[PDB]
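Participant: Next input, structure requested:
(5 chains, ligands or ions: 14)
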Amino acid sequence: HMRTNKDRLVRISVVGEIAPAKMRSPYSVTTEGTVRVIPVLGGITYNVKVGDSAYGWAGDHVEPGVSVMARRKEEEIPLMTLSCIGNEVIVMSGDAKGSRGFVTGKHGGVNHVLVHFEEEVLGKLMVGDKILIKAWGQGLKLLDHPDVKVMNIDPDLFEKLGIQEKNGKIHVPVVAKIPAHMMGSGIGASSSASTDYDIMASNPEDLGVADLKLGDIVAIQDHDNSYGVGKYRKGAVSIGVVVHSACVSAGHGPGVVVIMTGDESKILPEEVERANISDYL
Amino acid sequence: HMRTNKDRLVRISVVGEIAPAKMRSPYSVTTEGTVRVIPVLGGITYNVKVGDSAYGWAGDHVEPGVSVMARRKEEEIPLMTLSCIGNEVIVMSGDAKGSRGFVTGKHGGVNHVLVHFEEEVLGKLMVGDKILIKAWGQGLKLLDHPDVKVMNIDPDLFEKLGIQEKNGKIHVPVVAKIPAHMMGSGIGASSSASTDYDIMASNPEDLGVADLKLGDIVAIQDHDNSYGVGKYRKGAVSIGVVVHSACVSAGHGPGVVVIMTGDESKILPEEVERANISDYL
Amino acid sequence: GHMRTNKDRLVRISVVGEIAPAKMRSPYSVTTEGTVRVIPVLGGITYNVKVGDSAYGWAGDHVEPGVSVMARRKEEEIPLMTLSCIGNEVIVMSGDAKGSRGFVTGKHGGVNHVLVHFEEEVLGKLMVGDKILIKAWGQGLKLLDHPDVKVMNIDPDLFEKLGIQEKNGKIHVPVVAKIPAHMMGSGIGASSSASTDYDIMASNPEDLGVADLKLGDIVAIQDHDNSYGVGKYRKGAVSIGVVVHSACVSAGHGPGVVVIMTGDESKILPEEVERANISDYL
Amino acid sequence: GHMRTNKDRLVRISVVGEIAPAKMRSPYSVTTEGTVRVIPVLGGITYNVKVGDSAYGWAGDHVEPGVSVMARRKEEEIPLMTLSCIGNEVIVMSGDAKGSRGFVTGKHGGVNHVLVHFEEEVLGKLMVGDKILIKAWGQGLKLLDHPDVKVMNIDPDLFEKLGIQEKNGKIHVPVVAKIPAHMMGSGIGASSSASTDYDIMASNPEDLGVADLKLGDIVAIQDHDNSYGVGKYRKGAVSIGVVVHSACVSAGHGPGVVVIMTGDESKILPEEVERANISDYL
Amino acid sequence: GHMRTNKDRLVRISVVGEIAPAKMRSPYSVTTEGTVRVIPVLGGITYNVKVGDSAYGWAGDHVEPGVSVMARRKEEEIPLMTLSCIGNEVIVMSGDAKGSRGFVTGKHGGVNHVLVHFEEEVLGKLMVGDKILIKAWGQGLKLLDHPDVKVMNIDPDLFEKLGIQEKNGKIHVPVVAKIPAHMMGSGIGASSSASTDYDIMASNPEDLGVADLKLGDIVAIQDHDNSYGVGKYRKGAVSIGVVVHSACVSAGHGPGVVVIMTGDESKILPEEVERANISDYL
Ligand SMILES: [Cl-]
Ligand SMILES: [Cl-]
Ligand SMILES: [Cl-]
Ligand SMILES: [Cl-]
Ligand SMILES: [Cl-]
Ligand SMILES: [Cl-]
Ligand SMILES: [Cl-]
Ligand SMILES: [Cl-]
Ligand SMILES: [Cl-]
Ligand SMILES: [Cl-]
Ligand SMILES: [Cl-]
Ligand SMILES: [Cl-]
Ligand SMILES: [Cl-]
Ligand SMILES: [Cl-]
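Facilitator: Residues are numbered from 1 along each chain as shown, chains lettered A, B, ... in the order given. Ligands and ions are numbered 1, 2, ... in the order given. And now the structure:
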């Protein structure tokens, strides 16, 4: 595997609490201009989890597993910025205390970090239980590929994604390559370190695949995400992880957290049948 | 049973706490313009339960069993929208921690979800104890009856109501058929998903029945509740569940949460002697 | 002449508010068919909808004719909404229209607005925030010969001009329409008919058997008693009211009615006529 | 003549705000190259940038032409941003320029400013905090013969002067540029195209195949439906918008566009011409 | 003539504040010697200390000459402090001196005040809380032939009058003193040199090898880079600034300096002269 500065990274406690189910209205507004009453984001979601399809749920912006929010507003930036996909998460109060899980993703706006625990643990969790995330990953650098930025990813998880260097190029398995024009909500966020942005496909076939799953690794064509999110640049490529379900409103759909960005000459995405972080929990 | 998208519905944690008895004034104003000092809504109500008469109590808007409110205002909409009659409820703090009950109803305005627990649990409960509702049911669809909307009901409970797809209609057992003109407070609420509305009958005999009980299934003639509450339309029909006691004030009476709505060419209410959710919970 | 009343014993009192902004809790209004529309809603100075115009046909929801008046603060809403009576004198007390006079045409519960008509030339001088004084007068009014007929929400001088006639112990009241109990929705169950309107939920006038319904029209509501709380169904009760705001797109809503009289059908006799509108008297 | 509309049914209503201060959440603006610049940003009376000027070339980020108008308080934001339409009459209601009249040029979401053009002589008299009245008019407009073509955010009188032509059932719209879906960024996903703009994320006009793009220019956005929410990619959809603020230094950002028409390419035919700017009619 | 700049592309924008009261967090000021004194501090209209006077010799601490201007609210502080440039035009917008014009002489971080000179007859009519309009112009200024020399915090018209001379690729700057890195104190570490001053922590002018140091003087700071954050030691860097407030009694504090130029010693050549004070050009 690739040379990194992993040993120089700071490992720090990032605190939050299990978020309630949130809804700003009973209605979700469709792209057809109709309204529907369906579940949305937040909470412990009992029957949707990393590995499941992002499509086909009667729900909007559904977050798999356990949604974690800040204790207060001032604690949001660090929660959303330092938490990396794959980081270890420990429940620190309530009946599941001491149980361990993994960060599967994060979602900007409401600012939730999303966590996979094993099935048995879910029944003992309660909204408000204290959550400790052992944040580790921001600051990571590929020592031999200085023009390839990495972010939002636990360095140990990073090594399990099947990425190979060959001839000063990085080969990255992905389930799908997403055109620039299919990206929507979240473009223009200040930092790709602290939010996801949306693939705005209503159906997976619109991306040319039979399914898109929570946890999938995808490529986003012609987007640089080095600082702010979603700069269109022909020849840019980003790699990301799918983190929340399909949405009903215009401009929204399955969220993606960027883990790698740079130029097509250095990053080579390779389509495979399966590339999903749940295989390496 | 009928074909539903049940396996596509999202099951999510909705939190609250046991609400105190609430009164904005010592007096309740009657429709005769007199004042009475009687108990009202909220709390743990020890001797009024789902299955009891909605009429004959020295009280106003009395909520059977345990009234559950939100931790805070922002959490009211999800509490009231996502909670469905029949959903499993777990006590998460205090002396009855671990005890399980069922949602019987919900009440808009104060925004309480109403919950039945076994008798032995009530004596251990305290105002402020934490409550978890495993919310499940909004989004439910009859796949062979697209113009019949269902809402506010746990899909397992729905299956037990004796509803049958017969002779090209959905037949629904109810204890009474309530004329449009007997509906009052709550008409015009933004969503039928997040509130009840009132049968404004002072006496069960005004509806042509000897009694109306908490938990009863009723039809409301000539009202559509597809989106907002209480649209008069000749030939619409709604089905609902009685959720709180009679009331003393003009335009108020036992509340009804809607569970089904559509046109009389598709829904046939069948008037029977007994149709009450407590028979299944 | 006119019905005997306790009008000299009524207290006349200063009720204060300010011109309300246009209000919207969402860009969208949700229709009874479950679709969304982006349209103007309530509050403000509404420049082109006034008492006398149709309640129907506007691309708007809950449109309030003329000038909407809100309380300075929450504690002041109950008296604003309770004491203000249709026909009461209103005076602008700050801004460029200072000194201009108008009349209360209605009031709308929920947001708690009192609605006011000024002459057209005043409107272009008004600004949201301008202080408003309502010389409130009417609540406590009684028909001394008809103790079982309650009146409310109406300036006693305007009440005398409505063409209401007492004849052989019965009160004849000109109305443009007789609305069945089942056509009433939002507002039923409000704590007091003295402090709110409630909605005729007809999408179209034709649903009420009339070709048009106007802002300012006097209507009967059949089988509703409004003596204390709003909208008690009672077979044989009748209420008389004034239309105060425009039609609505959402389920259970429609042109608002403020009740001015309520009692039994043996005593109140609505007579359906071609015209009955408060704009003719102010 | 002009396309048939429901314009006589539209409600015209007072929408209030105040001149916003210049706003900056940090001294620094972060570039797409990951460096920092200290430059002016949004809000205020901007004395030397106006509708008709280039959107590019300013040492500024998200610069708003003319006078930026904000809500008096949070609850008044939705109506300010939803009901205010490009072209609507604006009147200064306090301070030294009281009585001065201008026009809405645009609006900008997030900070929620409505953007207003006044004549140059006025600008020097304005002060942050001066009360502003927008005679809001236009949401709800419908093309009665083109029900699948949605119009929005535009004063009906201005709409009639834009050079739009109905010929053989198709609507021809002059535009200065046709922008591909993928050049659109910040704002995609906004809840309603009625209450915000969204960004053309081009660092240089040349990235759009044109030499300049001006504040007030009418543009086409290819393959975006904006009927309800903002920025739905759909092949064959077309949207027409007005450029309303300056270029930006950060990733995903750029001159903002307020949508004024959206529908299908079979009905809306954008025609690229040498000039199409609302400043010519204001 | 003048150095080539991007001045035509700079955004000029309304920056609002109000006249600050005199501020004291305690009756006492703590000296470097560990004793306390009761003396006037910052804020207010200071009637007898003005740009051009000595920064030393006052029985006071952190005294701000002329009129101190603060934000209306905290959200407004960053733009007040960032965009306001020394030399910018200032207009009084309420009170008895309404219409009077003055000039920004400086700005002081922490309390976050912008300091302003009006002519003497104006001061007597001013009141704490009077509204103030700063026509902010100058952030974003670039020297187009000297890309590694950064300028900031200065009105481009004032900049052109300071007697700076480009000669053979080098910038000669008249200064009254050259201050070594180690004499700079409070403020080092501030996030941006665009929004704050920092302190020459000399308790006496003689500690800098000069007989006096005046409010308004131009000085060089040796071996400090102020390109981004304040006060980076770097051997060979040079910064130029303006003295903006009086001497101070506490450890680490002293007359404040707003940086106006920063870069390398091979490009910026400070020339120590007898007089170099911005009061000569207002
Ligand atoms: Cl999961
Ligand atoms: Cl590289
Ligand atoms: Cl119960
Ligand atoms: Cl059907
Ligand atoms: Cl009926
Ligand atoms: Cl009117
Ligand atoms: Cl009587
Ligand atoms: Cl009826
Ligand atoms: Cl302008
Ligand atoms: Cl069409
Ligand atoms: Cl495209
Ligand atoms: Cl001075
Ligand atoms: Cl240089
Ligand atoms: Cl030194």
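Participant: Okay, domains of chain A per the record?
Facilitator: For chain A, the domain assignment from curated CATH domains gives the residue ranges A:1-10+A:141-281, A:11-24+A:64-140, A:25-63.
Participant: Please identify the deepest-packed of those domains.
Facilitator: Among the domains of chain A, the stretch with the highest mean neighbour count (mean count of other C-beta atoms under 10 Å in any protein chain shown) is domain A:25-63, at a mean of 22. All C-beta atoms are positioned from the backbone trio N, CA, C, and that covers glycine.
Participant: Can you get me the start-to-end distance on it?
Facilitator: The separation between the terminal residues of domain A:25-63, taken as C-alpha to C-alpha, to the nearest Å, is 17 Å.
Participant: Return the residues of chain A in contact with ligand 1.
Facilitator: Proximity of chain A to ligand 1 is confined to A:49, A:50, A:64, A:65, A:116 under the rule C-beta under 5 Å from the ion.
Participant: hey, what's the closest residue to the fourth one other than its chain neighbours bridged with?
Facilitator: Yep, that's residue A:65 we're talking about. Nearest-residue entry for residue A:65: residue A:116, 4.8 Å, with adjacent residues in sequence omitted and distances by C-beta to C-beta, 6 or more residues apart in numbering or on different chains. Under DSSP bridges, the beta-bridge partners of residue A:116 are residue A:102.
Participant: what's the answer for residue A:183, then?
Facilitator: Here residue A:183 sits in beta bridges with residue A:199, going by DSSP bridges.
Participant: give me every residue that touches residue A:197.
Facilitator: Neighbour list for residue A:197: A:108, A:183, A:184, A:185, A:186, A:187, A:189, A:229, A:230, A:255, A:256 [criterion: C-beta atoms under 8 Å, 6 or more residues apart in numbering or on different chains].
Participant: how does it look with 10 Å?
Facilitator: Residue A:197 makes contact with A:108, A:183-189, A:220, A:223, A:225, A:229-230, A:238, A:240, A:252-253, A:255-258, D:185, D:188-189, D:252 under the criterion C-beta atoms under 10 Å, 6 or more residues apart in numbering or on different chains.
Participant: Inside helices: which ones of those?
Facilitator: Within the contacts of residue A:197, no residue falls in helices by DSSP state H.
Participant: Go through those and flag which are in strands.
Facilitator: Members of the contacts of residue A:197 lying in strands (criterion: DSSP state E): A:220, A:223, A:238, A:240, A:255, A:256, A:257, A:258.
Participant: residue contacts, the first one?
Facilitator: In other words, residue A:220. A:174, A:176-180, A:182-183, A:197, A:199, A:230, A:236-240, A:256, A:258, A:261, A:269.
Participant: out of the residues of chain A next to ligand 1, who's nearest ligand 2?
Facilitator: Of all the residues of chain A next to ligand 1, residue A:50 has the smallest distance to ligand 2: 30.3 Å, by C-beta to the ion.
Participant: ok so, going back, of the residues of chain A next to ligand 1, which ones also sit close to ligand 2?
Facilitator: With C-beta under 5 Å from the ion as the criterion, these include none near ligand 2.
Participant: Can you measure across stretch A:40-49, start residue to end residue?
Facilitator: Counting by C-alpha to C-alpha: the opening and closing residues of stretch A:40-49 are 14 Å apart.
Participant: Check whether it comes near chain D.
Facilitator: No. Contact of stretch A:40-49 with chain D is not found when judged by C-beta under 10 Å from any C-beta of the partner chain; the minimum separation is 13.3 Å.
Participant: does any part of that stretch sit near chain B?
Facilitator: Yes. Among the residues of stretch A:40-49, A:40, A:41, A:42, A:43, A:44, A:45, A:46, A:47, A:48 lie within reach of chain B under C-beta under 10 Å from any C-beta.
Participant: check contacts around the nearest residue to residue A:233 once chain neighbours are set aside.
Facilitator: Excluding the flanking residues, the one nearest residue A:233 by C-beta to C-beta, 6+ apart is residue A:224, at 4.9 Å. The contact partners of residue A:224, by C-beta under 10 Å, 6+ apart, come to A:149, A:192, A:230-233, A:235-238, A:258, A:261-263, D:32, D:251-252.
Participant: rerun at 7 Å
Facilitator: Residue A:224 is in contact with A:231, A:233, A:236, A:261, counting by C-beta atoms under 7 Å, 6 or more residues apart in numbering or on different chains.
Participant: for residue A:51, same thing?
Facilitator: Going by C-beta under 7 Å, 6+ apart, the list of residues near residue A:51 reads A:213, A:214, A:215, A:276, A:278.
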